[PDB]
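Understanding the architecture of this molecule
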Protein chains: 2
Amino acid sequence: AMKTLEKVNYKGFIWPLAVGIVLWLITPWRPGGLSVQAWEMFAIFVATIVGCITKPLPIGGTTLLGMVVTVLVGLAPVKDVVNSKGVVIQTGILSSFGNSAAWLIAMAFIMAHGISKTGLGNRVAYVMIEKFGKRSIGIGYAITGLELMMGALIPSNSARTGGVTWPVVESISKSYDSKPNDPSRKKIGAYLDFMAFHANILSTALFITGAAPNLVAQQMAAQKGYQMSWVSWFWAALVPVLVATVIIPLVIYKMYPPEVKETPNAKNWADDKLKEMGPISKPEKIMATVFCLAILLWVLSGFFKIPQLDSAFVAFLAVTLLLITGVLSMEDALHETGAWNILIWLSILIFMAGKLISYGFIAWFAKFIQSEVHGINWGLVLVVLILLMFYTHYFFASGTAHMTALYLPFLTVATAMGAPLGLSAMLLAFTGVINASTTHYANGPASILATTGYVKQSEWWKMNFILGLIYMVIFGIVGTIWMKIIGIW
Amino acid sequence: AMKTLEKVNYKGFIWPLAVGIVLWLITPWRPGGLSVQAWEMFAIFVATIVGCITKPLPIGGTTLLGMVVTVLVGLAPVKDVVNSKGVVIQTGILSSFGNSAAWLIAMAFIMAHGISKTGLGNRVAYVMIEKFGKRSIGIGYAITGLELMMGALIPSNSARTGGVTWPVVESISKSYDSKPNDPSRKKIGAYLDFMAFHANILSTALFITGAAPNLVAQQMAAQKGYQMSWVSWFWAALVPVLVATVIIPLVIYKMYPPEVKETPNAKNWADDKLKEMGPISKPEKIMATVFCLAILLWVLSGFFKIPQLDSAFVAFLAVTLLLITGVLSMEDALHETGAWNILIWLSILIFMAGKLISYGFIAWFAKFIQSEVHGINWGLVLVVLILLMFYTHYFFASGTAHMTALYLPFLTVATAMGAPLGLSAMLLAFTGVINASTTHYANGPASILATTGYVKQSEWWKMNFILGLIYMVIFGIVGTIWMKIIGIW
Ligand SMILES: CCCCCCCCCC
Ligand SMILES: CCCCCCCCCC
Ligand SMILES: CCCCCCCCCC
Ligand SMILES: CCCCCCCCCC
Ligand SMILES: CCCCCCCCCC
Ligand SMILES: CCCCCCCCCC
Ligand SMILES: CCCCCCCCCC
Ligand SMILES: CCCCCCCCCC
Ligand SMILES: CCCCCCCC
Ligand SMILES: CCCCCCCC
Ligand SMILES: CCCCCCCC
Ligand SMILES: CCCCCCCC
Ligand SMILES: CCCCCCCC
Ligand SMILES: CCCCCCCC
Ligand SMILES: CCCCCC
Ligand SMILES: CCCCCC
Ligand SMILES: CCCCCC
Ligand SMILES: CCCCCC
Ligand SMILES: CCCCCC
Ligand SMILES: CCCCCC
Ligand SMILES: CCCCCC
């Protein structure tokens, strides 16, 4: 018996629509050397992002709407178009949900549901509160150190986030009664969410085995005659990453403070709650075993490249084990909405960014940069290249496509303007790492920790912009001094 | 606070496991001319189906488990493997959820949720009960006639089912208080579910624009020198389809009777309920408009082949309209479990069948048939070919791959054993149509109407086997007499 329609934010359609429309009417006056379909896809993508901002039809709905409009105005098919030789010359909106990152994140949400159902997350939370609970910044630094230690083993940031630290964040927040999409999110949950994201950034920056784009940078620098190694990257990123570990958390605590700042009796409270939770149970032990097994497969995935260890099949396998074991039914995994919502909208955004890359937008931007800056001292050239490689990730959603597309061209321009090779390589790599401090779709950890409701998106974008300025200053200046020190030039 | 694990049917793992194991140990003694990977994939597929039967880890769980085992023993990657020329020589478990049929069915489940929420389904149900409510077989024949009329326009059976008649079935069942997965399913819901499936079969058989496999048969017969036309197919399938319309419902009513057989006062009851529902509302009017628009796009999709009318993008578009209009939020579409469950398990089954087709199983079966039957009167040859083209669809899940793979070879053998061309073509086409009376994954309508809980799977398979024998008798004998009558030979 439904009487009245649901409440929809129609005002939020103004800025997206308008933006799109204007760019569309601008199409004939496009920057030149560019294709009509490219500019149209750019306009639709920008309007979709402005919608994700103004939040009409929450991100799933507006992403579906942007995909629909993409298919209507003739920028994308529904089924992949083949060249009669098997090659897929055009992808479709259906060939977008077969993405590894989105399915990994969904299965990780499901594993997190299992951790929350068993009672393991809350036990871990009270343990961490007994250890470093008081002075919540202590909790933030502990999660930062945990992520840093895990960076050396787990080569997938999306896993390090949705499998280990996002559950810990959720549990610690639910022990403080910090629920999402509620004015009670500001207690401790939002601070911890943000700090988890930025600790994931730091860990990705410290170890070359912290993410894929770093490996892509390695392959490229080897293409141009510079061999990045686990020890060199580490010895170069140690100092700047320590400076960041010391600063970034402090400015987050000063800018986005944890409303609940002090817990003078965390020890007794955690002990009381644990003892009230009774001894550890069988489903909790099984979930712990499955979690340790998944972590083991993830850390082995760095030495053995094998389909059985794709870092997503591992999540499928853990979920399957939870199903055949009992701690997780199938209905428990079916109405875990976050999984399907993120599947939908992340897949759609990645598809639209891929269409931006294929239609010849990024390549034109790269040629423009290559033909614009001609005579300058290589210092300003490197500054400009870092700034561009930073603020171009607003038009990407993978982090690997960004590098494959813009790392070799910008590095080439730098080395051609007199800059040294190792410095430019490592700087553009650190920049491709800290790019994540731009958006809510920049990577897996952001697409996870921005949509949990603990942190709004306006605040997310603003604070990430500021912290990106800070990251660029830190890495550029400090790491340049550091690389001049240790024989990199 | 979870204490005890969930209840899992461990006994149901015996038959699948055993089966698999045995076939695996049989591998060295495989039929010959076959590949090891092919026989292993066959074993895993068969065990997965036996699991879907015995129901450990409901179909979603056992399909996930079969996919996991597929990836573990080295039969499928997780990411598509390319040949360095762009061609995809091996598909992955992730490149399986980008399927048009599964996403169409999911979006149709969502549209059905909208129809049930608005109050439109119940109004339609009481209308149909006022018209042909008494003598529930009247309801079955009305739904049959509706599906038959829609066959001439909507060229997608999955849509005709999940968009029009599955909602009507659900509403009429919920007006009789027939809920699924309940001993109250036998009242009227199961009979109507079965009858809807078989009416979809009949409509697919009557009009060549009733499904894709019929178009595939058309293309093939044109390849071999026989031009199927909308008027010829219809004039040949009229008589047998009338015989089926008269018989099949009767044997279903005699074999699977609708426990509630008589409703002597349907008129007054429907009028009372309608008047108690008040005049038609605004959300109902909007859902009706969206439904009519989707039906219009679906019927236009037969004359204009355009990505904007893919018969799945239309469901995406209807859902998007319901979102931007208000009658359907995003949370309403996120916890619609059936959509995601069918996505999962149908995609996985289609992927495994595609692996059966690529590894060289179906092609070997076809060569075996081509090299086995050599000297026979073409009548027994056609009998054997119809039987094989019928009972090979247990190893397929699309209905189009089946035809593309086995229609031209069997038709070739028939025409080479003396049989006439038009007769063999039309008979194998009708057989590719009635193949759907085999399984729960044979097509979209079956994968929909078998998993709704109104009809079990054991009963489904048994009754579909019997009705397939009956369909083969009817079509073969009657249609052969009919084609001999009208100048087809
Ligand atoms: C004609 C294209 C106008 C721009 C499309 C706006 C898309 C809205 C997505 C929320
Ligand atoms: C050109 C981008 C304009 C985006 C404006 C977003 C305003 C959001 C107000 C809450
Ligand atoms: C748990 C996945 C381990 C699978 C082992 C695969 C070994 C392949 C050797 C060829
Ligand atoms: C010496 C080249 C590196 C300088 C990078 C400075 C970036 C400034 C960010 C605001
Ligand atoms: C060694 C492979 C045996 C096949 C097992 C298949 C398991 C599927 C269970 C649903
Ligand atoms: C290939 C043999 C399949 C056996 C299936 C038996 C099902 C038993 C259900 C009670
Ligand atoms: C509802 C969308 C109908 C299709 C728009 C017109 C496309 C014409 C492309 C030539
Ligand atoms: C003349 C032969 C026509 C084919 C008859 C098919 C009968 C199938 C019997 C099950
Ligand atoms: C001529 C400069 C225009 C650049 C617009 C494209 C980058 C957003
Ligand atoms: C006012 C609702 C508009 C919906 C977006 C349409 C995009 C062309
Ligand atoms: C380049 C986009 C900027 C993000 C918002 C900045 C608000 C100060
Ligand atoms: C307790 C026996 C279940 C084993 C399941 C393994 C399926 C490959
Ligand atoms: C060699 C005899 C036939 C075996 C058939 C195996 C099942 C397709
Ligand atoms: C060749 C497969 C036949 C299976 C028939 C199943 C009847 C319940
Ligand atoms: C030009 C619009 C800025 C937002 C980028 C996604
Ligand atoms: C959140 C993962 C905790 C596992 C403890 C063994
Ligand atoms: C357990 C993974 C081992 C991989 C050996 C190739
Ligand atoms: C293959 C997983 C075995 C676990 C059964 C309890
Ligand atoms: C009853 C199991 C059927 C096996 C063929 C798929
Ligand atoms: C079930 C669809 C009903 C639409 C009536 C106009
Ligand atoms: C509410 C539907 C509007 C679509 C055309 C702008």
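Residues numbered from 1 in each chain as written, not as in the entry; some residues may be left out. Chains lettered and ligands numbered in written order. Heavy atoms only, no water.

Below, the discussion takes up the side chain of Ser447(B). All names here are of chain B. Relative to the elements of secondary structure, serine 447 occurs in helix α20 (residues 444-449). The class for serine 447 is buried, based on a relative accessible area of 0%. Looking at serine 447, its side chain comes within polar contact range of the main-chain oxygen of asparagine 443, at 2.6 Å. Beyond its immediate stretch of four places on either side in the chain, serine 447 contacts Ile105, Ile342, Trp345, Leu346 and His440. (Helix = DSSP H or I, 4+ residues; strand = E, 2+ residues; numbered from the N terminus. Buried < 20%, exposed > 50% of the residue type's maximum accessible area, 1.4 Å probe, protein only. Polar contact = N/O pair within 3.5 Å; in protein donor to acceptor, adjacent residues only side chain to side chain. Contact = heavy atoms within 4.5 Å.)

Turning next to the environment of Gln227(B). Residues and elements named next belong to chain B. Take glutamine 227: it is sitting in the loop between α9 (212-224) and α10 (230-255). According to the relative accessible area criterion, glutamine 227 is exposed, its value standing at 57%. Once the C-alpha coordinates of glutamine 227 and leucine 65 are considered, the two residues, 162 residues apart in sequence, prove to be 45 Å apart.

Moving on, we come to the interface of chain A and chain B. Taken together, the contact pairs 55 residues of chain A with 55 residues of chain B. Summed over both sides, the interface between chain A and chain B buries roughly 5,200 Å², with carbon and sulfur atoms accounting for 77% of that surface. Taken as a group, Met2(A), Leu5(A) and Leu94(A) account for 13% of the area that chain A buries against chain B, more than any other trio of residues on that side. In this structure, the connection of chain A to chain B is made through two salt bridges. (Buried area = accessible area lost by both parts, 1.4 Å probe. Salt bridge = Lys/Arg side-chain N within 4 Å of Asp/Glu carboxyl O.)

Tracing the backbone through its elements, the reader meets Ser173(A) in helix α7 (residues 157-175). Setting aside residues no more than four positions away along its own chain, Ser173(A) makes contact with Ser178(A), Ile188(A), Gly189(A) and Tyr454(A).

What follows is about the relation of the copies chain A and chain B. Turning chain A through 180° and shifting it by 0.0 Å along the axis lays it on chain B, with an RMSD of 0.0 Å. The relationship between the two copies is best expressed as a two-fold rotation axis. Take the interface residues of chain A: 98% of them recur as interface residues in chain B, which is what a same-surface contact looks like. (Least-squares fit on C-alpha atoms.)

The next thing to look at is the pattern of salt bridges. Pairing is possible between side chains of opposite charge, provided their charged atoms come close. Residue and element names in this part refer to chain B. Evaluation of the coordinates by the stated rule reveals twelve salt bridges over all chains. Taking the shortest distance from any N to any O, the salt bridge between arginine 160 and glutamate 147 comes out at 3.8 Å. Linking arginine 160 in helix α7 (residues 157-175) with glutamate 147 in helix α6 (residues 137-151), this pair joins segments that are 13 residues apart in sequence.

With that settled, the discussion passes to helix α6 (residues 137-151) of chain A. Residue and element names in this part refer to chain A. Helix length check: α6 (15 residues) gives 21 Å between terminal C-alpha atoms against 21 Å at 1.5 Å per residue, within 8%. Within α6, the full set of buried residues consists of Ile137, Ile139, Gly140, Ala142, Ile143, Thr144, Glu147, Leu148, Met150 and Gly151. Buried residues along α6 sit against α5 (120-132), α7, α8 (189-206) and α10 (230-255). (Expected span 1.5 Å × (residues − 1).)

Right, let's talk about helix α17 (residues 378-391) of chain B for a bit. All names here are of chain B. In a regular helix each residue adds 1.5 Å, so 14 residues correspond to 20 Å; α17 covers 20 Å between its end C-alpha atoms and thus fits that length. All buried positions along α17 are accounted for by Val381, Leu382, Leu385, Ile386, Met389 and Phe390. Along α17, the residues classed as buried sweep out an arc of 165° about the axis, all on the same side. Residues of α17 that are buried sit in contact with α16 (362-372), α18 (400-416), α19 (421-434) and α21 (457-485). (Arc of directions from axis to C-beta.)

This part takes up the packing of aromatic side chains. Taken as a whole, this structure holds 59 aromatic pairs over all chains when the rule is applied. Ring geometry for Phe390(B) and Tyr391(B): centres 5.0 Å apart, planes at 45°, overall tilted. By relative accessible area, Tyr391(B) is classed as partly exposed at 24%. An aromatic cluster is present here, built from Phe97(A), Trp103(A), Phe316(A), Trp340(A), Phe97(B), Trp103(B), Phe316(B) and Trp340(B) joined pairwise through their rings. Sitting above the plane of the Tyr253(A) ring, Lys261(A) keeps its charged end 4.5 Å from the centroid. (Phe/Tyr/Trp six-rings, centres within 6.5 Å; stacked < 30°, edge-to-face > 60°. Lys NZ or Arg CZ within 6 Å of the ring centre and 35° of its normal.)

The next subject is the packing of helix α2 (residues 36-54) of chain B against helix α15 (residues 337-358) of chain B. Residues and elements named next belong to chain B. Interhelical geometry of α2 versus α15 gives an angle of 150° and a closest axis separation of 9 Å. Relative to α15, the element α2 is oriented roughly antiparallel. As for how α2 packs across α15, the hand of that crossing is left-handed. Between α2 and α15, the contacting residues are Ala38, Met41, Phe42, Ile44, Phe45, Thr48 and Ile49 on the first element and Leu349, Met352, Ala353, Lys355 and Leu356 on the second. (Axes fitted to C-alpha atoms, helices over the stretch in contact; angles between N-to-C directions. Parallel < 35°, antiparallel > 145°, perpendicular 65-115°, else oblique. Left-handed = near helix turned anticlockwise from the far one by under 90°.)

A separate point is unusual backbone geometry. Residue and element names in this part refer to chain B. Non-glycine residue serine 84 carries a positive phi angle of around 75°. Among the structural elements, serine 84 can be located in the loop between β1 (81-82) and β2 (88-90). Within the chain, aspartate 177 stands out as a residue other than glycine whose phi angle is a positive 65°. Examined against the element boundaries, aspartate 177 turns out to sit in the loop between α7 and α8 (189-206).

The figure often quoted for interface size is the accessible area lost as the parts come together. All names here are of chain A. When its domains are assigned, chain A resolves into domain 1 (7-77), domain 2 (100-341) and domain 3 (354-485). If you average the C-alpha positions of domain 2 and of domain 3, the two centres end up 25 Å apart. Between domain 2 and domain 3, the residue contacts involve 53 residues of the former and 43 residues of the latter. Summed over both sides, the interface between domain 2 and domain 3 buries roughly 4,300 Å², with carbon and sulfur atoms accounting for 80% of that surface. It is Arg185, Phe197 and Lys224 that lose the most area in domain 2 upon contact with domain 3, and together they represent 15% of the buried surface on that side. Inspection of the domain 2/domain 3 interface yields one salt bridge. Across the pair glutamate 459 and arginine 185 runs a salt bridge whose closest N-O atoms are separated by 2.6 Å. (Domains from an automatic or database assignment.)

It is worth spelling out the nonpolar core at this point. Within the largest apolar cluster, 345 residues are counted, with the highest numbers of intra-cluster contacts made by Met228(A), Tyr407(A), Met228(B) and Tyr407(B). The element contributing the most residues to this core is helix α15 (residues 337-358) of chain A, with 13 residues. If near-sequence neighbours (up to four positions away) are discounted, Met228(A) is found in contact with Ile208(A), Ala217(A), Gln218(A), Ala221(A), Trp233(A), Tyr407(A), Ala425(A), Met426(A) and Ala429(A). (Core = buried A, V, L, I, M, F, W, Y, C linked by side-chain atoms within 4.5 Å.)

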